[PDB]
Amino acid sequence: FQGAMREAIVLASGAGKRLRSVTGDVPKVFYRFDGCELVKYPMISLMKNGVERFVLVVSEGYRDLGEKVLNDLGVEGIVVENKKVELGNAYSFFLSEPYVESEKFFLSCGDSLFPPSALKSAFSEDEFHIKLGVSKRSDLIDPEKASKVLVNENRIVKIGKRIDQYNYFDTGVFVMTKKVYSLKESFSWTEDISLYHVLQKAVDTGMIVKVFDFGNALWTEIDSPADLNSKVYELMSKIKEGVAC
C-alpha cells in the first residue's frame, strides 16, 4: 500500500530579492541556472516520482511564464496568480485549494532543489494530515535560510526559524491532505505567514504532523548568489538526467 501521488502544488510567487543581483527583473523561479528555470528542478524530481499534474502558483503578472514552464516540461497543469505576495507562502498555498483535484498531494517551494530519490520515503499510506520532507544533510543549505524542525520518531514536536532544540531541516517539500486547508481562517492575514508557521499551527490545533526523511540526498534552497556553487551545479545536472528541460 504505497500509492503514487499524481498531483503537486508548486509555489513560484516569491520576489527572490537576495538574488536580484543575478536575476535582475526576472523572478529567480523563472531565471535559468545551468540551463533550466529554477522552478523546473523540483518539477522534474516530482515528475520522476509519478506526478502528472501541477497547480503552479505565480505572482500577479507572470501567468505566461508559468504556462511556458508547463508547456516546456510537457506536463498538464493550471497556473494560478497570487495578488497578495506580501501575505507569504502560506497564502500561496491556501490559494491552491479550489484547483487541487486529489485528497493527498505534494507541495514544493519553487526554490527547493532535490533529486528524485529524496522523495523515496514519502509514499507510506500511514495516518497524517501533513508530512514534511526533512534532512540532517547540511553541506549545501544555508542554516539561516531553512527553518529548523524538532522531530521525535516521525512526528514534528516543534518547528520554526529560531527554535533552540532541533535535529532536522525543513526542506520546503511536503505531502499535504485537503484537511490542511481548514487552517486558512486560523491566521489574521495582517502579516506575512510562512509555511513552517502553518505546520506549527497544525501541531497546535491537534493535527497529525509527521515527516519523511530525505536520508543522504543532496538538497538545498536557492535564495542568495552564495547558494550557487559547483556542488549545486552537479545536483542540477543530476536532476536533468534524461530530460530536455
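From 1 onward, residues are counted along the sequence shown.
Between the stretches 219 to 227 and 20 to 28, it is 20 to 28 that shows the larger average CA temperature factor. When 9 to 17 is weighed against 232 to 240, 9 to 17 comes out higher, by mean CA B-factor as recorded in the entry. For the set 64, 37, 213, 204, the maximum C-alpha B-factor listed in the entry falls on 64. Among 139, 170, 111, 72, the highest C-alpha B-factor recorded in the PDB entry belongs to 72. Per-chain ranking of the deposited C-alpha B factor places residue 147 in the lowest third. When all modelled residues of the chain are sorted by CA temperature factor, residue 119 is found within the lowest third.
When the modelled residues of the chain are ordered by C-alpha B-factor, residue 68 sits in the highest third.
Per the PDB record, residue ranking by Cα B-factor puts residue 165 in the middle third of the chain.
Remark: residue 49 belongs to the middle third of its chain, ranked by C-alpha B-factor as recorded.
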